[PDB]
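Take a look at this single chain, the form deposited in one PDB entry, given in structure tokens.
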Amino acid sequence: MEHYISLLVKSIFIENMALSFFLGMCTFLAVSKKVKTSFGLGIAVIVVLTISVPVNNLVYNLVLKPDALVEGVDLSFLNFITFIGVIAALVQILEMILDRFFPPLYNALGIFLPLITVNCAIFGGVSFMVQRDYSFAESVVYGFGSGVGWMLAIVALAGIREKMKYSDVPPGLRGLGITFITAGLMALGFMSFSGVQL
């Protein structure tokens, strides 16, 4: 239990997918207007990551790993296509569930569900799992922790942007520039965990 707790804590804080690895920045910057919208997007990302990482682990270990399928034959060059296809299929099925017969929560999220496929955070998490050679349980835990960390970062940014309703940003910086500066400051704050080796 202690090992998995350490892994989850590391994934959430010491290797924050958004503010330590800087992946997913397009949607992280664009959809940070409202706290609840960011919350829904973060929960969707959590589901996608936690379902994608273990399946990719299984596929890689059973087929793509060198000598896994046939001795002397390695198909490691199919890693990118396999990962992207699995992620796309999972996201398509989840959207088919959401914008349809189970829970009409699709609406508010709108056009970002299709963009969850090209969210660099999920692909980077799968790549990091492949590099680190995790087990299946370690996979599940790492995916869940990475999703939780990304959701936390996005929610914090949304809260800050909601607080900025009182601000007086110059006209040129109003919009994207001030958000970029705010994200940089948030990363500066998150640099407190750099030296920790959990």
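Start at 1 and count along the sequence shown; that's the residue number. Basically, rigid core = biggest C-alpha set you can superpose within 1.5 Å across the two forms. Residues that one form lacks are left out of the comparison.
This next part talks about the form deposited in another entry, which is not shown.
Chemist: How about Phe77 - superposed on the rigid core, does its CA move between the shown form and the other one by 2 Å or more?
Modeler: The answer is no, as the C-alpha of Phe77 shifts between the shown form and the other one by less than 2 Å after core alignment.
Chemist: If the two forms are fitted on the core, does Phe128 show a Cα displacement reaching 2 angstroms between the shown form and the other one?
Modeler: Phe128: C-alpha displaced by less than 2 Å between the shown form and the other one.
Chemist: Kindly check if the Cα atom of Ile87 is displaced 2 angstroms or more between the shown form and the other one relative to the superposed rigid core.
Modeler: The answer is no; the displacement is under 2 Å.
Chemist: Is the CA-CA spacing of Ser139 and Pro103 tighter or wider in the other form than here, given a 3 Å or more change?
Modeler: Farther is correct, given that in the other form the C-alpha spacing of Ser139 to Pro103 is increased by at least 3 Å.
Chemist: If you overlay the rigid core, what runs of at least 3 residues show Cα shifts of 2 angstroms or more between the shown form and the other one?
Modeler: When the rigid core is held fixed, residues 94-98, 100-113 are the runs that shift.
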